[PDB]
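Below sits a lone chain in structure tokens, taken as the form deposited in one PDB entry.
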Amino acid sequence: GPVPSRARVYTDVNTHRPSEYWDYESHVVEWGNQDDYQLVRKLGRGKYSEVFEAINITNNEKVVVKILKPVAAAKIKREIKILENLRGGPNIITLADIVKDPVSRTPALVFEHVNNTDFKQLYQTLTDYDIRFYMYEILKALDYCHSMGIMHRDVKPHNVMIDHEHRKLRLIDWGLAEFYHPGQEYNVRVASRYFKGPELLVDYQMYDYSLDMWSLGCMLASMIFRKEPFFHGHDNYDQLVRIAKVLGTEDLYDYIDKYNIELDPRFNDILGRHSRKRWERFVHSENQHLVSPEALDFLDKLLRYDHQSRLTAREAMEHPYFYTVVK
């Protein structure tokens, strides 16, 4: 069967802390007052919630209200416990309150409001300096949650709010987040397709915080190369083939061999044989201003098949790519 794996950092976080820290099922929710909030406009709806802009009438402040759709009671308590555990952490969205919505009869999570700058505007105009600056801010959020024994598992651009005017960033939507317990087998049906780590794509369940570092590398590659998304799979199988056309099939086979993973036989007809490509292949006159030897070296250290070989968030923060960032 598969060779077991454990993170190379923060393995003992959930053993050192008390059971009440990670046993989200035993957590008792402290309910706020729904009457303190007035919904202003619907901002969006995903598979698990409807999101609104609202006002806290007790202090007249703007808030964001996430009304959860009826789902397994386990997923709800998990998100709340993770949000409370991480509250106050650098660049972590602040959970301000939990109320029972009178209409849905489900919990409604109230967050601090972030004036999110238009995604297209950010993607099209952030500078090389700005990309390094915001990447450093995301790393502060990731190292903080990992150090707190939690993996986000849904790192993608739509989960990173940026108020560019105030140079403020928040990592949001902790609905797919989980506590990391060494030896635990997790569900591989996490993260959005283009951000899924090879571990998920080859159905290796004993993954860890390093999955977030792969997703972070996908975001960086898309930004600096002006290719959105970087690995553009038509499905979860074609997603692995798209990665293999860049990183090569020989390192893919070394990875699955290391962990005694057998690829799903449906890959026989679609994978093929691909050499590893040099990152300079993706450089051109329309993205050269965002590329540097430091950027390519950093990307190379995130986008590795072997989850145990990727930079951790804390190691990533001392990479030369961030030397130019004012600290």
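Residue numbers run from 1 along the displayed sequence.
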| property | result |
| --- | --- |
| Residue stretch of maximal mean CA temperature factor, 114-122 vs 181-189 | 114-122 |
| Between 234-242 and 218-226 (mean CA B-factor, as deposited), the higher | 234-242 |
| Most elevated Cα B-factor in the entry, residues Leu296, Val283, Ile57, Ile67 | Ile57 |
| Member of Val155, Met206, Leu169, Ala73 with the greatest C-alpha B factor (per the PDB record) | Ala73 |
| Cα B factor band for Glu250 (lowest, middle or highest third within the chain) | middle |
| Position of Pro102 among the chain's modelled residues by C-alpha B-factor, lowest, middle or highest third | highest |
| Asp306 - which third its CA temperature factor falls in, relative to the rest of the chain | lowest |
| B-factor third for the C-alpha atom of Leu142 within its chain | lowest |
| Relative C-alpha B-factor of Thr15, binned into the chain's lowest, middle or highest third | highest |
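Heads up, the form deposited with a small molecule bound isn't pictured, but that's what we're talking about next.
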| property | result |
| --- | --- |
| 4.5 Å heavy atom contact, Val51 and the small molecule in the entry with it bound | yes |
| Partner contact for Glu84 in the entry with it bound: the small molecule, 4.5 angstroms, heavy atom | no |
| Residue contact check: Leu299 to the small molecule in the entry with it bound, 4.5 Å heavy atom | no |
| 4.5 angstroms heavy atom contact with the small molecule in the entry with it bound for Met161 | yes |
| Residue (of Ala191, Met206, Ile172, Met148) lying close to the small molecule in the entry with it bound, criterion heavy atoms within 4.5 Å | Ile172 |
